[PDB]
Amino acid sequence: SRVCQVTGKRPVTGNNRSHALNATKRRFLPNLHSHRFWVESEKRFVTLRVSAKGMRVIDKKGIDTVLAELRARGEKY
Amino acid sequence: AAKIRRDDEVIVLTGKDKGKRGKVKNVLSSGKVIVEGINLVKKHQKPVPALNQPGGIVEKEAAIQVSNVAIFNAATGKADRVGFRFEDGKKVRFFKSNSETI
Amino acid sequence: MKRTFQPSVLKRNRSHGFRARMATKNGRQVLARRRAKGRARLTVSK
Amino acid sequence: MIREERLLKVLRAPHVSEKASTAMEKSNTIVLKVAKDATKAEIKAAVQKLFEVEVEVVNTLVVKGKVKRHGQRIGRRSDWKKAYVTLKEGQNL
Amino acid sequence: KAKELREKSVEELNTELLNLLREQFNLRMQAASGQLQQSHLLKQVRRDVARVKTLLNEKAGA
RNA sequence: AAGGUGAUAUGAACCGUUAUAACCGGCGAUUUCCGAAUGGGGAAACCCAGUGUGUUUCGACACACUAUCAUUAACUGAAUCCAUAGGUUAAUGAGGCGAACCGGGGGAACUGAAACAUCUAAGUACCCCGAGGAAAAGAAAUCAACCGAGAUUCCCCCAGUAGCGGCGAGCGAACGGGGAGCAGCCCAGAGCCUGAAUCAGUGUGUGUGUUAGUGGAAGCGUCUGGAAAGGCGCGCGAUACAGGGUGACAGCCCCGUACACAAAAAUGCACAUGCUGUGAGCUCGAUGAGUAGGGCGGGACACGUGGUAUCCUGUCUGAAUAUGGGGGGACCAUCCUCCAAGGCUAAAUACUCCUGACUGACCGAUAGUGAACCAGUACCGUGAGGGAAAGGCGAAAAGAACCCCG
RNA sequence: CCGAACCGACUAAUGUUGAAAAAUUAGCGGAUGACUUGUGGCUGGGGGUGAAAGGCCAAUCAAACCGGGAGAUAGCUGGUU
RNA sequence: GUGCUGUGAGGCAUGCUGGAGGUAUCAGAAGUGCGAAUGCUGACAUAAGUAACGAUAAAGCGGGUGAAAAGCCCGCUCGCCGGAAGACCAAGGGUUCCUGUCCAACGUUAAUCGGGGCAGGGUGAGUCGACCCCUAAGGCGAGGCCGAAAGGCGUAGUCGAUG
Ligand SMILES: [K+]
Ligand SMILES: [K+]
Ligand SMILES: [K+]
Ligand SMILES: [K+]
Ligand SMILES: [K+]
Ligand SMILES: [K+]
Ligand SMILES: [K+]
Ligand SMILES: [K+]
Ligand SMILES: [K+]
Ligand SMILES: [K+]
Ligand SMILES: [K+]
Ligand SMILES: [K+]
Ligand SMILES: [K+]
Ligand SMILES: [K+]
Ligand SMILES: [K+]
Ligand SMILES: [K+]
Ligand SMILES: [K+]
Ligand SMILES: [K+]
Ligand SMILES: [K+]
Ligand SMILES: [K+]
Ligand SMILES: [Mg+2]
Ligand SMILES: [Mg+2]
Ligand SMILES: [Mg+2]
Ligand SMILES: [Mg+2]
Ligand SMILES: [Mg+2]
Ligand SMILES: [Mg+2]
Ligand SMILES: [Mg+2]
Ligand SMILES: [Mg+2]
Ligand SMILES: [Mg+2]
Ligand SMILES: [Mg+2]
Ligand SMILES: [Mg+2]
Ligand SMILES: [Mg+2]
Ligand SMILES: [Mg+2]
Ligand SMILES: [Mg+2]
Ligand SMILES: [Mg+2]
Ligand SMILES: [Mg+2]
Ligand SMILES: [Mg+2]
Ligand SMILES: [Mg+2]
Ligand SMILES: [Mg+2]
Ligand SMILES: [Mg+2]
Ligand SMILES: [Mg+2]
Ligand SMILES: [Mg+2]
Ligand SMILES: [Mg+2]
Ligand SMILES: [Mg+2]
Ligand SMILES: [Mg+2]
Ligand SMILES: [Mg+2]
Ligand SMILES: [Mg+2]
Ligand SMILES: [Mg+2]
Ligand SMILES: [Mg+2]
Ligand SMILES: [Mg+2]
Ligand SMILES: [Mg+2]
Ligand SMILES: [Mg+2]
Ligand SMILES: [Mg+2]
Ligand SMILES: [Mg+2]
Ligand SMILES: [Mg+2]
Ligand SMILES: [Mg+2]
Ligand SMILES: [Mg+2]
Ligand SMILES: [Mg+2]
Ligand SMILES: [Mg+2]
Ligand SMILES: [Mg+2]
Ligand SMILES: [Mg+2]
Ligand SMILES: [Mg+2]
Ligand SMILES: [Mg+2]
Ligand SMILES: [Mg+2]
Ligand SMILES: [Mg+2]
Ligand SMILES: [Mg+2]
Ligand SMILES: [Mg+2]
Ligand SMILES: [Mg+2]
Ligand SMILES: [Mg+2]
Ligand SMILES: [Mg+2]
Ligand SMILES: [Mg+2]
Ligand SMILES: [Mg+2]
Ligand SMILES: [Mg+2]
Ligand SMILES: [Mg+2]
Ligand SMILES: [Mg+2]
Ligand SMILES: [Mg+2]
Ligand SMILES: [Mg+2]
Ligand SMILES: [Mg+2]
Ligand SMILES: [Mg+2]
Ligand SMILES: [Mg+2]
């Protein structure tokens, strides 16, 4: 599923609106990318499917802190 | 417990046989009793070639509602009502009129 | 003339039988509905 | 071994009919009603133990029950198993 | 009759059970051939078999 | 308990009458096969195994294990040196079903606007996921207005008001007031003092229900009649004249009713008292960051971008952190008020597949359930699915022996 | 190529509350092929499939059937004891 | 049914039938009044004792049984099919099979007859078939990859005959 493994961001629904304000249903998808993260503490790369926002969260909190969150949630990597 | 039992001597309260006396031969779970010589009917019995064939017009007792008979108090010579009480740890019946155990 | 019902027991059971109904969630909702209505015969299964 | 408790349940009744009577006096074969799930080996062991005769071979068939009406009500009798039990020659039941 | 059966041992109960099953088979043969007049014996032996099996189950701690 | 072996449904063979007949209740035992179905498979109720214990008259037989996934543990174990992935085993849990109510993820159109696209219908119908006996919400970064209030939920007002709105059709608050109910706490951390409050579990008591039951008052004569409970006459009970039955309408014939009692066993509740875990108090600290806020696109707020506060966030960004920050409906100043980015929490509220009791200016066989009756049946359809008609002899079968035409 | 089985359906009569909700009878075309047929499988509704007729998709097709929104709406017709 | 009665909707009395309920007055509440809606359900008419009795292969007679025989049974003759209108399987059906008995309803007539009613009987496998071993198209599918959820695809596998 198009779900960020770090933040849990997922597709949401909303409307397209035209100039005449006709509403048609649409989705908003997260900006997801598969990325190999270097884990210094285990001397290996871990691949996560993450949003660009989630990549900024990893930059801020550190991959080790984030991976501990994932193990707490039961999210396998 | 039942106030009228098999082999009781009863007197008929209502019906064509009002005032007659007999002995209870059968108590039926439907609340009816067969009383000897009372509610007689004439049955047109067809012959049964299977066994013996006495096909004829037979007279026999029909069941009567048990509330249509009363226990007969021979001491007073009248219909009575039944009560229940415990004597020597056993439940017994007694006549309401003179309080004697049946 | 050839009519529309041409019976075959194998095709009957594969198309509508109990195990075919149990194979999908929509088929299990058929069975749930027929049980709630109280049908004596849940399926074509002989 | 087949246990004696099982052997005591597999034979249900003798089957009485013209074909059964002819089978007995022409081919030394008795006809039995047997339990629906009895095998040929169970029938053979039960006859030998309970009737005390030597059995040559057992043939079986399943009789399908008839649909019967009873005062508008529709019903169906049960299927049952019939066994033609050929006895060794000289044996008498 | 469960009282008198409760005295016997597991091995006596198993002999009694076997005896009832043979009797049940003999009665079944007589009934089928029309040679049984006391049909009430069929139910009697059937319920006796149930009594014995119940006690064999009670004695096994079951 | 003096009767009994359910109905159709007679009969047969029997059981029982002073207590192992039957019947009623508690606790047990047994409980084929299919079905989540779980040893593999499969056209449901069938086909075919493996392993281990036993047993055997050498033909064979009995019993027990053997699904998948999640978590944990042990042993093992690649590329690859350590490792990791992977593999095997064990323990524990999960799955399926169910009428409504509840929270969440998605989400119409007909229709109305006398056309129709914004708008409406409507976050309705419907699909999906998940829970509980209720759920959700909940202990102010809330309102108010310079006076004050003090978590959440529900009811009556405020008010069809203020507003929103092709300012059309329509949509529609809050503040404040009256009620039901009421309850507050913990982590982001050390020291002291200690095991102290408090909840949960498990034993044990005492009560109090629930699941069988016991006793339960008092009427006769006469008339009509097939039959009296009716008429007429004279009596009696009532903490009982609720109700049902009995050959017509019965307080006193029967079953009940008021009232008074009852439990070997299992169980609910409220106390009590053990046992287990839980920590109580004081002091000193600490005070939730990719967050608040912003740009862009949407959504939610009665509020349709409007002068539009506030809330949510798909995308791009991004503080201060108590000497600080949020809100007071554009915005600024002043003042007031509150403390987000962690969490728990009873009651008042919603519903009824199901059980008991009672009630109705509700129906009485074309009505009332589709179904008073063997109805979700017969029948129709490949299937999803659709779906009837059909109640009444008599008080009692006394259901018409026998004769006559055929 | 001629012609039976087999697959079709050009003409006529009959039939039209039929023997039959598409047939019968006499004739007719293909008949080693882009043939015909059995069994089983696959494609699903704005979708399928179509040597293309809007043909066919269970006697239903310019959007199948069943259930639901649902008592859609009906400035129209009928009826109103 | 009859008589009486009021301006009307109606009212009252009474014979017969019926065989256990009914209800003044004054108030109260409505599923409160039917001839129409090509209304709905049931019953019963009309046409009418009319059309028709389902291939124009075809019957005749003697005997039997029987309440009754054009239709059943037996016999002789005649006619019709014979690449079928004969024989035998698969599919589909499910007792229709055989014997006895019955003739209400069913059978487009009668029926003694029947695929009709009722009762009893009848299906015997190491070699035929299924199950079974093996696979096709295709299905499902541990992990897996993908997808708001439901789910989609598929690897190892496991099913699946029409071989
Ligand atoms: K099919
Ligand atoms: K299973
Ligand atoms: K619209
Ligand atoms: K309009
Ligand atoms: K229009
Ligand atoms: K009485
Ligand atoms: K009474
Ligand atoms: K705004
Ligand atoms: K209905
Ligand atoms: K109905
Ligand atoms: K082919
Ligand atoms: K098309
Ligand atoms: K169809
Ligand atoms: K369509
Ligand atoms: K009259
Ligand atoms: K009258
Ligand atoms: K009419
Ligand atoms: K006529
Ligand atoms: K016909
Ligand atoms: K005739
Ligand atoms: Mg819209
Ligand atoms: Mg043989
Ligand atoms: Mg066989
Ligand atoms: Mg399985
Ligand atoms: Mg299994
Ligand atoms: Mg297999
Ligand atoms: Mg569940
Ligand atoms: Mg409009
Ligand atoms: Mg809660
Ligand atoms: Mg203040
Ligand atoms: Mg009592
Ligand atoms: Mg009393
Ligand atoms: Mg009197
Ligand atoms: Mg009467
Ligand atoms: Mg804070
Ligand atoms: Mg804010
Ligand atoms: Mg923001
Ligand atoms: Mg802003
Ligand atoms: Mg914005
Ligand atoms: Mg932001
Ligand atoms: Mg502000
Ligand atoms: Mg302001
Ligand atoms: Mg009805
Ligand atoms: Mg009526
Ligand atoms: Mg059908
Ligand atoms: Mg064609
Ligand atoms: Mg032709
Ligand atoms: Mg040519
Ligand atoms: Mg040719
Ligand atoms: Mg559709
Ligand atoms: Mg055209
Ligand atoms: Mg068609
Ligand atoms: Mg359309
Ligand atoms: Mg609607
Ligand atoms: Mg309508
Ligand atoms: Mg009145
Ligand atoms: Mg009306
Ligand atoms: Mg009328
Ligand atoms: Mg009119
Ligand atoms: Mg007409
Ligand atoms: Mg007519
Ligand atoms: Mg005529
Ligand atoms: Mg005419
Ligand atoms: Mg004419
Ligand atoms: Mg004519
Ligand atoms: Mg004919
Ligand atoms: Mg003749
Ligand atoms: Mg003829
Ligand atoms: Mg039959
Ligand atoms: Mg025949
Ligand atoms: Mg016959
Ligand atoms: Mg006839
Ligand atoms: Mg006749
Ligand atoms: Mg016959
Ligand atoms: Mg027949
Ligand atoms: Mg797959
Ligand atoms: Mg999987
Ligand atoms: Mg495969
Ligand atoms: Mg295979
Ligand atoms: Mg094959």
Side-chain angles (χ1 to χ4, degrees), chain A residues 1-2 9-17 20-22 25-31 42-44 52-53 56-57 59-61 74, chain B residues 1-3 5-6 13-16 18 27 31 39 41-47 55-58 62-70 79 81 83-86 90-91, chain C residues 1 3-5 7-20 22-23 25 30 32-33 36-40 43-45, chain D residues 1-3 17-19 41 59-64 66-67 71 73 82-84, chain E residues 1-3 37-41 43 50 53-54 57-58 62:
Chain A
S1 304
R2 294 180 173 103
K9 285 174 169 281
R10 54 187 321 125
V12 298
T13 66
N15 288 321
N16 287 309
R17 288 289 183 155
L21 267 62
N22 312 107
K25 282 291 192 169
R26 70 163 287 180
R27 321 168 87 206
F28 297 86
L29 301 192
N31 185 13
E42 323 182 20
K43 322 246 72 169
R44 72 193 248 253
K53 188 93 165 204
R56 287 176 83 243
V57 168
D59 287 342
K60 175 168 176 167
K61 292 167 120 203
Chain B
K3 300 192 177 168
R5 320 248 171 105
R6 160 179 29 84
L13 294 179
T14 112
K16 69 175 177 185
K18 176 192 190 25
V27 174
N39 202 34
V41 300
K42 286 170 213 140
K43 169 85 169 157
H44 299 76
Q45 181 58 225
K46 303 162 180 24
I57 296 186
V58 177
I64 181 174
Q65 292 276 355
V66 74
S67 71
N68 280 4
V69 307
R81 293 193 311 276
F84 297 96
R85 70 187 169 213
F86 290 88
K90 316 279 297 213
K91 181 195 298 193
Chain C
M1 311 153 71
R3 295 305 183 189
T4 57
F5 183 52
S8 160
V9 175
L10 177 59
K11 278 168 80 170
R12 184 162 190 76
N13 288 341
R14 277 179 183 178
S15 308
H16 317 287
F18 180 83
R19 293 184 54 80
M22 288 301 280
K25 77 97 176 166
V30 168
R33 282 193 308 259
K37 202 178 184 190
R39 292 278 193 182
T43 71
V44 303
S45 292
Chain D
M1 275 327 84
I2 295 142
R3 270 145 20 81
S17 81
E18 167 171 305
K19 180 174 190 182
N59 291 23
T60 56
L61 60 86
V62 173
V63 184
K64 282 93 207 161
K66 286 180 180 164
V67 165
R73 216 90 74 191
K82 182 194 297 189
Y84 293 90
Chain E
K1 169 126 82 63
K3 260 158 199 43
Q37 258 48 69
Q38 299 182 119
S39 64
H40 74 276
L41 296 173
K43 182 188 290 183
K53 291 199 137 100
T54 299
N57 217 242
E58 272 159 354

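Proteins come first, then strands; the chains are lettered A, B, ... in the order of their sequence lines, and each starts at number 1. Values reported hereafter were calculated over all heavy atoms of this structure, with side chains retained and with hydrogens, waters and symmetry mates removed.
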Atom P, compared across H:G160 and F:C47: separation rounded to whole Å: 15 Å
What interatomic distance, in whole Å, is found between P of F:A173 and the corresponding atom of F:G385? 42 Å
May I ask you to say what C:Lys25 touches in the nucleic acid, namely base, sugar-phosphate or nothing, with a heavy-atom cut-off under 4.0 Å? sugar-phosphate
Please indicate whether F:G235 is base-paired to F:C252 in either the Watson-Crick or the G-U wobble sense, using a 3.5 Å limit on both distances. yes
What's the gap between F:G35 and F:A121 when it is taken at their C1' atoms, as a whole Å value? 45 Å
Within the structure shown, what part of the strands sits under 4.0 Å from B:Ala70 by heavy-atom distance: base, sugar-phosphate, or nothing? nothing
Just to verify, what does A:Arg27 make a side-chain hydrogen bond (donor to acceptor under 3.5 Å, both in side chains) with, not counting sequence neighbours? none
Every protein N/O lying under 3.5 Å from an N/O of nucleotides 22-29 of chain F:
unit_1: F:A29; atom_1: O3'; unit_2: E:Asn57; atom_2: OD1; d: 2.9
unit_1: F:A29; atom_1: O2'; unit_2: E:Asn57; atom_2: OD1; d: 3.3

P-based separation of F:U310 from F:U321 [nearest Å]: 23 Å
Kindly point out which of G:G41, H:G122, F:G383 is positioned nearest to the side chain of D:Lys19? H:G122
For atom P, what is the distance between F:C101 and F:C127, given to the nearest Å? 13 Å
Considering only side-chain heavy atoms of E:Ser39, which listed nucleotide, H:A125, G:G40, F:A12, is closest? F:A12
Looking only at the side chain of A:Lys9 (C-beta and beyond, no hydrogens), which of the listed nucleotides F:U246, H:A148, F:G314 gets closest? F:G314
Sugar at F:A12: north or south, per the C1'-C2'-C3'-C4' sign? north
With the 90 degree cut-off around zero defining syn, does F:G87 come out syn or anti? anti
